[PDB]
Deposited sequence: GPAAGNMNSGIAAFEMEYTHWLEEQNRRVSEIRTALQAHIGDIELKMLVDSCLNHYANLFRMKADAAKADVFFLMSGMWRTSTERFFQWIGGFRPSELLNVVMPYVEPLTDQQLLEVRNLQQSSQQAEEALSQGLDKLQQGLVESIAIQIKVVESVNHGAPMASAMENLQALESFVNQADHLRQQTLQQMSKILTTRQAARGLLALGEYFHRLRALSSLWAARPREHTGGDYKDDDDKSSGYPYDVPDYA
């Protein structure tokens, strides 16, 4: 399952590079909103596919998915529950989706605050689960309960990952409704270049 995920993610990155390049070329050519929206929607569809493949990987090996060892070294410094922190990515793209109207500014900052609150609450719940596993493993005839208990805890860990990816996807979705097509394209370009620069830097660390 993890081998399949790593191959799928490799191909996902190749397609990500293409979709980011396509939107770069479109912004530079100042193409109209209709053609540009197709590229925005393609980028959004591509992220949706990432979340799908991550959900499968979490079922296959939640610990590996959580370790971030499938991402590059520099990306791991910015990981929160199996991916990036949406509240921080909002700061990354903020200068590029500007200028924002007053209403858009209120909507984006609201979204950032609510994502921050959701991230903190999920982190607190995951912390409680993890500390409790530390304590319970430490204490721990096999009639089947130990494996069943392990599967309950794996399901609980997977739920945290799923909820974190849900928050990431929901934040991307809500930005796509706040922003015009052109603002969204600029934000997606910035987000894509951010991820690419982190991966490029990891090559220097290797």
property: Missing stretches, numbered from 1 on the deposited chain sequence and kept in order; result: 1 to 9, 150 to 155, 222 to 250
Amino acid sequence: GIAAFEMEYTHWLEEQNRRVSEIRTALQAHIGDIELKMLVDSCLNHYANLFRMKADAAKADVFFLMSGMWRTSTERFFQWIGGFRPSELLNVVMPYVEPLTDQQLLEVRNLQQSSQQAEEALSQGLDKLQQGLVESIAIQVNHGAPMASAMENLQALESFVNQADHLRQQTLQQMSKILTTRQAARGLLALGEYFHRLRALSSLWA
From here on, numbers count along this sequence of modelled residues.
item	value
Which of 66 to 74 and 27 to 35 has higher mean CA B factor, as the PDB entry lists it	27 to 35
Selected stretch [higher average CA B-factor]: 118 to 126 or 79 to 87	118 to 126
Selection by C-alpha B-factor (highest) of 164, 178, 55, 137	137
Given 148, 40, 60, 50, the residue at which the Cα B factor reaches its maximum	60
Position of residue 142 among the chain's modelled residues by C-alpha B-factor, lowest, middle or highest third	highest
